[PDB]
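Shown next, in structure tokens, is the structure this report addresses.
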Amino acid sequence: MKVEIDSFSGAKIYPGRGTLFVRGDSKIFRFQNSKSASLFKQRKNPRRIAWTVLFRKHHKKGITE
Amino acid sequence: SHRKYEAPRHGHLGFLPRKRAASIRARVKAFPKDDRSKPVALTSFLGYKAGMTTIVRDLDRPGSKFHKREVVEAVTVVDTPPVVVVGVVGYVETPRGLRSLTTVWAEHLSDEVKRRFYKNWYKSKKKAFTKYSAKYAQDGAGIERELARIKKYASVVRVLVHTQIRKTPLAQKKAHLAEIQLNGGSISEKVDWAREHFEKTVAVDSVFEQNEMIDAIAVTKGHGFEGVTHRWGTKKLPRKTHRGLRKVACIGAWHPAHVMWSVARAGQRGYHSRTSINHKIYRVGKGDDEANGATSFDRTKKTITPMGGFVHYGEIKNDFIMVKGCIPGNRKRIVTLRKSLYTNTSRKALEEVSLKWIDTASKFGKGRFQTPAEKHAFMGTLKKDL
Amino acid sequence: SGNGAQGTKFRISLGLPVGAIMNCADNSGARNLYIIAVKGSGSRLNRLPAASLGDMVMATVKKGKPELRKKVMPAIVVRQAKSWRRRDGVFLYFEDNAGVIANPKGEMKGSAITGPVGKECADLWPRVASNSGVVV
RNA sequence: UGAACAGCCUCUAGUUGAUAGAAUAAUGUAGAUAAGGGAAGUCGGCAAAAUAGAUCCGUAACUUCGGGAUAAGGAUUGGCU
RNA sequence: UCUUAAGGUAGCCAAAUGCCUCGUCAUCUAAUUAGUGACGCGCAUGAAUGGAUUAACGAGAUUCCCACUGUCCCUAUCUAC
RNA sequence: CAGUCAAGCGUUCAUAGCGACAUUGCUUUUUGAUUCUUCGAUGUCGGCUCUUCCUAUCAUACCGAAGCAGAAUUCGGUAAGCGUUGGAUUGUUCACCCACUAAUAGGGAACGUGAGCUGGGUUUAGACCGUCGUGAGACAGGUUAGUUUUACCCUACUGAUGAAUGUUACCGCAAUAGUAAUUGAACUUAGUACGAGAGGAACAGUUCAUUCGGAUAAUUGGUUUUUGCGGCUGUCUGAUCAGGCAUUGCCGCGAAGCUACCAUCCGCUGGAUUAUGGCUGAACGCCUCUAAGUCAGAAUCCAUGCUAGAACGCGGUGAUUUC
RNA sequence: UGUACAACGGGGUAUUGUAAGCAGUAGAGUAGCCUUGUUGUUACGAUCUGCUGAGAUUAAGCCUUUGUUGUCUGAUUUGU
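Chains as they are written, first to last, in the numbering used here: chain A, 1 to 65; chain B, 1001 to 1386; chain C, 2001 to 2136.
This is the structure:
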């Protein structure tokens, strides 16, 4: 078994927790929850959503580790 | 005329009447057929359904599309603190049924089982079994001869066992008591075995085994007065129906001039006794054992209790039974666990199950972490973590 | 399961009831296929037959090539929009529901399949598996 | 606000009148939302939903030449400087 | 050839008028007693007892298509009373 | 709808399967006949919903027969346990196609079912056409529009309490009543049996699925008055902060609870039998499943199991009031 | 008169998505002044950034509490 990484928020997907989305261009997106799975379809930007892992990495927030 | 197009009956008729159960602890009508060969063992156990949780395991049935591949399954975790034997009742066979001719109690019954006999424990003077425990003196002059009487005239003997309600995280303190048939030796061995176990404890690991095919017997979730559309699942009448549509339309023909019993009618739903058979035990854990929330594949030091504790319940701090699939009754509720009444030599029952991973994530929402250690690792330091 | 299918299809949640129009993932010239029945369906007083991933159905071409139009023809569902759960626990779904024209034995009428194909559909039907680009 | 004696909020003025209290079962009445499908329901798309203001682009058949026409069908829309 | 006062003309139609009749052919559909276009020895159409069209208009009737949806598949929930 | 005979059909042959000429019945599921009930009113077609019943059995269980090689099929027995559909057109019953399926069997219950719905038809008064009438008008001819009222009573039913049996509490038994599981596919057996070939099974095993049913909310989805957070408009509180109102202002997310074959799990095994096939064996020195006796056997019946527990069935046990 | 119960507070788990305030070499710029900068300066200026996965809410049917504060003999009836 393996744990996925959410395609939008970057949260860890444990077995079964979330959904899996297959776009027409055959690109697969695994969502940890409806929160990510809905913000995606709203055409929001992960780089702009403040709690997103991409946002955290981009703005370097918490990167002092 | 005849019904225009056939259709199945709405709802099973074998469960009528759909009245409230007699008591919150559903009785065990039937017990596994007795043997005189195997060692004396209990045929049941009392637990408190804590809740459900997710698992992943290798399905191991040949010829499956998923043979030797991961499968996600739902399990319900039952809290099972060790029951205490407090008495023994012998049954004689009569041409009118089994009749209990004698109950014999132990010396120092627990306060929590003494509460069972009272409704207003706060102001009661707690005289219960005072003269019985007094009678227990002179090395039980009456008790000894009364056990001999059971041995002389008894066909089936059941022990009275009660749960350590105080060990569970419930707000209750009035322990539940129950009769459990003893299968195993002959009558004398059973009562000798039971006498040895007076005011002594039995835990699950000694009665239930991994991969055993058990039944859950309990009172279902209640829902108060319920209309026919949900009680029986009857078709909803069309939208333009005058005087409501969550109904059944024709409750019977002109003749017989009576509403037939088998016609769906609105009323109580749930809180019925239900027996659900052929459930599989996945893990008989130990409350003393830490890290019972891990497997031979996961190797973490987290317990079975989900993060933030089971919803409405608390934590598991005692022995538990982690059984696949649903069980009747909701959380906090007493459930009865009973060995299967027949040998189940189906391949699905004989599957040798071993778990891979156990979901400890929070049931209280969409928690994304298995343990506070891992949760801390992901998010780093916080304005609160000083 | 269809007759030319290789046996057992685990229960995918049905999301394409009778009357649904799905895209045509193959290149036979049909643009969309409108379901008129589902092979292997059941019976109930007012229940519609419904289709799922990998089900063999009987469909009609409502829009597209003239000679495919105006007749019934078997089809095979390759993509479903109703999310369903696999055994391994994941809930997955395509954003398009679509099928491919096939003859009853299960050989596709078209030559190639556009877009992804459901793993259950490809696994169940060998011909769709051969012609499938990406399978998921 | 806005095209507006539309709708919504306020100023002067006037009321705070309509038997109440406690719970939140079924069935209702009224108001909503529903995954996938989209009339397969049904006598019948009944009821509901969708579109909707304004600026710009585009606008068919037919015609009594006046219309059809807001046809159809698209794009834009705040704030602040 | 018999008869009438003269024998339904121009047009139109299984039409709101056609019994047989779910007429026949074509179209619409997977399937159509529905719709539409033709056919007309038309029980029982027809000329101000007005005939045939007709743009526009219609809280008229009818069919099909796009969109839309709990009408339905199949029910679930929420609020007020 | 079912028989009785048996001319002929069926390669040969009346009875595998048919069945003329005749003939005997049964049912009330059609239409009639009557007018006995109701005209100080029994709401009247169909559909929708739902329950139950009959069997003259479409499918499924087990079987017998064949012009049954296999495959498919036909006839028949025990059998109503179990199921018998989705749609186009019609108000339609009926019918007719499309399609799936194991199958799409026929019927009853005041042509079940209108204080259950609908009101499409019919069936008031508006109106139009055709024909008939001089006319008013007529037309189970066509078309269009046409208020579908009341239950709080008794009973029935579904659920819910309840006095007394010394009191109260606990643990039980179980008479009785109900009952449930259903069907298909694929792989393998097996390209085997069978057949010249074409074609082409079945018993067991396994994995699944259909219809139904009982639970559960770990996961996914729905619902949102958590009015929880965030946002936005109009206005209002001097501005800021924070808020009010917009019958829940609206939008995004939204835990909990409820809930979905839209999610998950689970749905038991013994006897006795019917049909039928058998044995032993007379009646009838033979023969025969039958008479005496008896064996295997169906989705049958009764148990096991599940549900309620007689509130006028019952058991074991605890404690039973002093100032 | 207690592993008692409760109302608060604490922690956890959760939900949303970065509070108010302050500060800035952030900011389309526009008006004003000068010492004309290279962070000139005043007034107005959406929005951005840092403190800030922050702030708010969290059982009302979530879990756990070494904390605070309490509460704990009112009525009626019952006998073989």
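For each residue, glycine too, the CB sits at the ideal point set by N, CA and C.
**Under 8 Å from the C-beta of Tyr1005 (chain B): neighbouring residues of chain C** = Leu2045
**Prompt:** In whole angstroms, what separates the C-alpha of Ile2021 (chain C) from that of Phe2094 (chain C)?
**Reply:** 15 Å
**Asked** Less than 6 Å between the CB of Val1084 (chain B) and some heavy atom of the ligand SAH, yes or no?
**Response** What this structure holds is no ligand at all, so the ligand SAH is not there to describe.
**Request:** Taking only beta carbons into account, state which residues of the stretch 1047-1072 of chain B come closer than 8 Å to chain C, listed in chain order.
**Result:** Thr1054, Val1056, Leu1059, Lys1065, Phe1066, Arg1069, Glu1070, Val1071, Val1072
**Selection of the stretch 2087-2099 of chain C by Cβ proximity to chain B, strictly under 9 Å** = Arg2087, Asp2088, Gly2089, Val2090
**Buried or exposed (CB count within 10 angstroms, at least 16 for buried), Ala1050 (chain B)** = buried
**Prompt:** If you measure beta-carbon to beta-carbon, which residues of the stretch 8-25 of chain A are closer than 8 Å to chain B?
**Reply:** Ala11, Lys12, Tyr14, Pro15, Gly16, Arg17
**Message:** For the stretch 1219-1232 of chain B, list every residue whose C-beta sits within 7 Å of some C-beta in chain A, in sequence order.
**Reply:** none
**Message:** What residue range does the beta strand (DSSP E) around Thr1054 (chain B) cover?
**Reply:** 1044-1059
**Request:** My understanding is that residue 2146 (chain C) touches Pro2049 (chain C), with C-beta atoms under 8 Å, so please give their C-beta distance in whole angstroms.
**Result:** Residue 2146 (chain C) is absent from the structure shown; chain C starts at 2001 and stops at 2136.
**Message:** I'd like to confirm the pairing. Which residues does DSSP put opposite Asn1183 (chain B) in its beta bridges?
**Reply:** B:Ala1041
**Request:** Answer yes or no: do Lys2105 (chain C) and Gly2004 (chain C) have a C-beta to C-beta separation smaller than 7 Å?
**Result:** yes
**Request:** Starting from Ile28 (chain A), find everything on chain C with Cβ-Cβ shorter than 9 Å and list it in chain order.
**Result:** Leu2092, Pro2116, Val2136
**Prompt:** Does the distance from the C-beta atom of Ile1358 (chain B) to that of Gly1293 (chain B) stay below 7 Å?
**Reply:** yes
**Asked** Does the separation of the CB atoms of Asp1319 (chain B) and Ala1218 (chain B) fall below 7 Å?
**Response** no
**Prompt:** Would a C-beta distance cut-off of 7 Å place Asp1215 (chain B) and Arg1338 (chain B) closer than the cut-off?
**Reply:** yes
**Request:** Step through the CB atoms of chain B and report whether any lies within less than 7 Å of the CB of residue 68 (chain A).
**Result:** Lying outside 1 to 65, the shown extent of chain A, residue 68 (chain A) is not represented and no answer is given.
**Asked** Are at least three pairs of beta-carbons, each pair with one atom in the stretch 1153-1173 of chain B and one in the stretch 1079-1092 of chain B, less than 8 Å apart?
**Response** yes
**Asked** Unbroken beta strand (DSSP E) runs of length 3 or more, entirely within the stretch 1119-1174 of chain B: which are they?
**Response** 1156-1162
**Asked** Out of B:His1010, B:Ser1100, B:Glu1315, B:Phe1066, which has the shortest C-alpha to C-alpha gap to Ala1154 (chain B)?
**Response** B:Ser1100
**Asked** So the alpha helix (DSSP H) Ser2130 (chain C) belongs to, where does it begin and stop?
**Response** 2126-2131
**Prompt:** In the DSSP assignment, what residue or residues form a beta bridge with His1279 (chain B)?
**Reply:** B:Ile1214
**Item:** Alpha carbon of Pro1039 (chain B) to alpha carbon of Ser1188 (chain B), nearest angstrom
**Value:** 13 Å
**Message:** Looking at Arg1116 (chain B): is its Cβ nearer than 7 Å to the Cβ of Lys1174 (chain B)?
**Reply:** yes
**Item:** Euclidean distance between Cα positions of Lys1363 (chain B) and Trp2084 (chain C)
**Value:** 22 Å
**Proximity test, Cβ basis, 7 Å: residue 1391 (chain B) and chain A** = Within the shown structure, residues of chain B are numbered from 1001 to 1386, placing residue 1391 (chain B) beyond reach of any answer.
**Message:** Pairs of beta-carbons, one from the stretch 1220-1229 of chain B and one from the stretch 1254-1271 of chain B, closer than 8 Å: are there three or more?
**Reply:** yes
**Prompt:** Can you list the residues of chain A that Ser2083 (chain C) reaches, using a CB-CB cut of under 8 Å?
**Reply:** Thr19
**Environment of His1108 (chain B) [buried if 16+ CB atoms lie within 10 Å]** = exposed
**Message:** Judging by CA-CA distance, which residue of B:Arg1239, B:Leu1355, B:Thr1102, B:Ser1124 is the nearest neighbour of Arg1145 (chain B)?
**Reply:** B:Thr1102
**Prompt:** Can you tell me the Cα-Cα spacing of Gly1233 (chain B) and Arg1009 (chain B), whole angstroms?
**Reply:** 10 Å
**Message:** Per the DSSP calculation, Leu20 (chain A) is bridged to which residue(s)?
**Reply:** A:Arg30, C:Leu2092
**Item:** Amino acids of chain A, ordered along the chain, whose beta-carbon sits closer than 8 Å to that of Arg1283 (chain B)
**Value:** Here the premise fails: no neighbours, minimum Cβ distance about 17 Å.
**Request:** Note down the Cα distance separating residue 1426 (chain B) from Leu2014 (chain C), rounded to an integer number of angstroms.
**Result:** Because residue 1426 (chain B) is not part of the residues shown, which for chain B are 1001 to 1386, the question remains open.
**Enclosing beta strand (DSSP E) for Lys2063 (chain C) [first to last residue]** = 2056-2064
**Request:** May I have the straight-line CA-CA distance separating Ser1296 (chain B) from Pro1062 (chain B), to the nearest angstrom?
**Result:** 23 Å
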